[PDB]
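Student:
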Amino acid sequence: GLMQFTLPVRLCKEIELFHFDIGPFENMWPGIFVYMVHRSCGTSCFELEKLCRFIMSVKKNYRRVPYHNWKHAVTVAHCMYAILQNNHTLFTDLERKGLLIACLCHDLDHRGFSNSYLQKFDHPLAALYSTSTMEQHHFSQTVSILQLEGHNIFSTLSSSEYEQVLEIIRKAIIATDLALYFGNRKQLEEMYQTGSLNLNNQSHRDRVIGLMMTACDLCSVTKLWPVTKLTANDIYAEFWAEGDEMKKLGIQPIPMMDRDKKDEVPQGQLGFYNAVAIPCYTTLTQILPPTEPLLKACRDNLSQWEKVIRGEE
Ligand SMILES: C[C@@H]1CCCN1C(=O)c1cnn(C)c1C(=O)Nc1ccn2cc(-c3ccccc3)nc2c1
Ligand SMILES: [Cl-]
Ligand SMILES: [Mg+2]
Ligand SMILES: [Zn+2]
C-alpha cells in the first residue's frame with residue numbers, strides 16, 4: 458500500500474507530456490502503466506497483486522503483429538493518462554479507472570487485419586459480430602480476462618458501480634471503430650456550435666469519451682516527427698500484408714494496402730491528417746481546451762508530411 462512505483466527522472470517528467478514515447482524496453486511498460494493508474498486514480502483503486510496479474514494476462518493476449526501489439530496498447534493508455542491528468546475535475550473516479558483499462562484492452566487479440574478483410578475472408582468472427590467485428594471481440598476478450606481467477610481488478614466495486622464501469626469500457630472500446638468516429642464527431646461539432654453540449658447528459662459524456670478514444674488511438678500523429686515516421690512504417694507493414702491477403706482472395710485492395718503504390722504514401726498521409734486526425738483533435742480541443750498540445754503536435758506532423766511531398770525530405 459505504501460509501495461509507489463517511481464520512474465527515472467527523465468520518464469517521471471516526460472510521462473506527463475502528450476508526446477511521451479514509452480521507449481523500446483518492454484519490461485518497463487507494465488511499471489509505466491501501474492505508475493499511471495496510481496497517479497491518475499490513487500494507489501488504492503486496485504489491489505496490486507490482481508492489477509499486475511491482469512496486466513500480464515492482457516500482454517500475453519496481444520499478438521506479435523507489426524502495429525496492433527502490446528506497445529500500441531500502452532501508448533494509447535498513456536495518451537488517455539495525459540488527457541485525464543490535464544482535465545482533472547471533469548471525470549468521475551469510475552471513468553478514470555475504466556478508461557485506462559479500456560485503452561490497455563482496446564485491441565486485445567488483434568490479428569493485424571481490418572473488419573473489411575474479416576468480412577471478405579468470411580472469418581467466423583464476422584458471422585458472430587456483423588458490425589465493429591474486431592471491437593466486439595476486443596471487449597469479449599477483456600471480459601474473459603476479468604473472469605480468470607485472481608484477475609478481477611474491479612472486485613471491490615459495488616454491483617451497480619461494477620455494471621457502470623463494464624459499460625464505460627464496452628462503449629470506449631466500440632468507439633475505437635473508426636467507421637463510427639465520423640458520425641460521432643459530426644454530432645459533437647453540431648452540439649458544441651449550437652451550445653447544446655451538456656456533460657451531465659450521459660449520452661453526451663458517452664460521445665466525448667468516444668472522441669477521447671479515437672484521439673488516444675490515433676496518437677502516433679501527435680509524437681515527435683521521428684516517432685510518427687517510424688510508427689507509420691509499422692502501420693504500412695500491416696496495411697500491405699492485408700493487401701497481399703486481399704490479392705490472394707482475388708480482390709484488388711485499396712491503394713492504402715497496395716505495397717505497389719508505396720510511392721504515394723506522403724499524399725495518403727495528408728488525406729488522413731485532413732480527413733481524420735486534424736478534425737478529431739480540433740473538436741477534442743474545443744470540448745477539452747487543455748488537450749490543445751495534441752492538435753498543435755498533429756499540425757506540426759502534417760507540415761512534416763507536406764515537406765516530404767515537396768522533396769525537402
Ligand atoms: C484505422 C487504421 C487502423 C490502424 C490505424 N489506422 C489508421 O488509419 C491510422 C492510424 N494512424 N495513422 C497514421 C493511420 C494512417 O496512416 N491512416 C491512413 C489512412 C488512409 N491512407 C491512405 C494512404 C495511402 C497510402 C499510399 C497510397 C494511397 C493512399 N495511407 C493512409 C493511411
Ligand atoms: Cl495528480
Ligand atoms: Mg482497434
Ligand atoms: Zn488501436
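According to PDB author numbering, the stretch in the sequence shown is residues 458 to 770, in order. Cβ atoms here follow ideal geometry from the backbone N, Cα and C, with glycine treated the same way.
So, for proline 523: in the same chain, excluding its five sequence neighbours on each side, which residues have a beta-carbon less than 6 Å away from its beta-carbon?
Tutor: Here residue 523 refers to the residue found at position 66 when the sequence shown is read from its first residue. The residues are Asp691, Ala694, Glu695.
Student: Work out the CA separation of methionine 493 and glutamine 659 for me, nearest whole Å.
Tutor: Counting from 1 along the sequence shown, the entry for residue 659 is found at position 202. Counting from 1 along the sequence shown, the entry for residue 493 is found at position 36. So the two alpha carbons sit approximately 26 Å from each other.
Student: So within the segment 617-687, which uninterrupted beta strand (DSSP E) runs reach at least 3 residues, ignoring any that extend past its ends?
Tutor: none
Student: Relative to the C-alpha of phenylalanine 482, which candidate in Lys507, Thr532, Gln726 has its C-alpha closest?
Tutor: Here the question's residue 482 lines up with position 25 in the sequence shown. Comparing Cα positions, the closest option is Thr532.
Student: Any heavy atom of ligand 4 within a distance shorter than 7 Å of the CB on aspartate 579?
Tutor: Counting from 1 along the sequence shown, the entry for residue 579 is found at position 122. Not so, every heavy atom of ligand 4 lies at least 7 Å from the Cβ.
Student: When you measure from the CB of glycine 728 to every non-hydrogen atom of ligand 1, does any distance come out below 7 Å?
Tutor: Here residue 728 is taken as the residue at index 271 of the sequence shown, counted from 1. Correct: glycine 728 has its Cβ closer than 7 Å to ligand 1.
Student: Hey, is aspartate 634 close to ligand 5, as in C-beta under 7 Å from one of its heavy atoms?
Tutor: Ligand 5 is absent from the structure shown, which contains only ligand 1, ligand 2, ligand 3 and ligand 4.
Student: Any chance the CB of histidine 594 is under 7 Å from a heavy atom of ligand 3?
Tutor: Against the sequence shown, residue 594 aligns to sequence position 137. No, Cβ of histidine 594 sits at least 7 Å from all heavy atoms of ligand 3.
Student: Measuring straight from C-alpha to C-alpha, what distance separates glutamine 461 and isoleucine 630?
Tutor: Counted from its first residue, the sequence shown places residue 461 at position 4. Counted from its first residue, the sequence shown places residue 630 at position 173. Distance between the alpha carbons of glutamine 461 and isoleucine 630: 29 Å.
Student: For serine 653, count neighbouring Cβ atoms within 10 angstroms of its own Cβ and tell me buried if that reaches 16, exposed if not.
Tutor: Along the sequence shown, one-based indexing puts residue 653 at 196. The residue in question, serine 653, is exposed, as its Cβ has fewer than 16 Cβ neighbours within 10 Å.
Student: Between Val491, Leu637, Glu620, which lies nearest to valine 665 when the distance is taken from Cα to Cα?
Tutor: Within the sequence shown, residue 665 is the residue found at index 208, counting from 1. When only C-alpha atoms are compared, the closest one is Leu637.
Student: Is the beta carbon of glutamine 576 within less than 7 Å of some heavy atom of ligand 2?
Tutor: Position 119 of the sequence shown, counted from the start, is the residue given in the question as residue 576. It does not: the Cβ of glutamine 576 is nowhere closer than 7 Å to a heavy atom of ligand 2.
Student: Closest to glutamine 726 by C-alpha separation, out of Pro710, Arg756, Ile744, would be which residue?
Tutor: Counting from one through the sequence shown, the residue named residue 726 turns up at place 269. Checking every option, the nearest Cα to that of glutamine 726 belongs to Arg756.
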